[PDB]
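If you read the sequences in order, they're chains D and B.
Letter by letter, the first sequence follows residues 99 to 124, 127 to 146 of the authors' numbering.
The authors' numbering numbers the first residue of the second sequence as 2 and each following residue consecutively.
Note that beta-carbon positions come from the ideal geometry of N, C-alpha and C, so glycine has one too.
So the structure is just underneath, and the comments pick up after that.
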Amino acid sequence: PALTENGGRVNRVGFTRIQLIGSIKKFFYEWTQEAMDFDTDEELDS
Amino acid sequence: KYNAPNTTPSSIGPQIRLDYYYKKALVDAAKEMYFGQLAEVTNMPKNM
């Protein structure tokens, strides 16, 4: 970027900006009372 | 899930204890005694 004693419109410059994009997206089990009761392991639920 | 009887395997897996064991057992009362009561006893000495 040069210059001179006279000056004037000599060195014009610009700027930009960028963009970003994201997203948010996204399970069960069942059991019977007879299963828990008549089981040998009484800590099965845990 | 389900707990079908061991022959039809349970959903969770194998089952070990299928029975509850009642500790107390059943005995038979001794037959009441009749002829033994009526008796006389004579002592037979040894070396005789």
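Count the other CB atoms within 10 Å of the CB of residue i; is the residue buried (16 or more) or exposed (fewer)?
i: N104(D); result: exposed
i: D20(B); result: exposed
i: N48(B); result: exposed
i: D139(D); result: buried
Would you give the residue range spanned by the alpha helix (DSSP H) that residue i belongs to?
i: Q133(D); result: 133-137
Can you find a CB in chain B that lies within less than 8 Å of the CB of residue i?
i: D145(D); result: no
i: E142(D); result: no
i: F138(D); result: yes
i: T132(D); result: yes
Report yes or no: is there a C-beta of chain D within less than 8 Å of the C-beta of residue i?
i: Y35(B); result: no
**OP:** Determine, using beta-carbon pairs with one atom in the stretch 127-136 of chain D and one in the stretch 4-12 of chain B, whether at least three such pairs fall under 8 Å.
**Re:** Segments in contact, yes.
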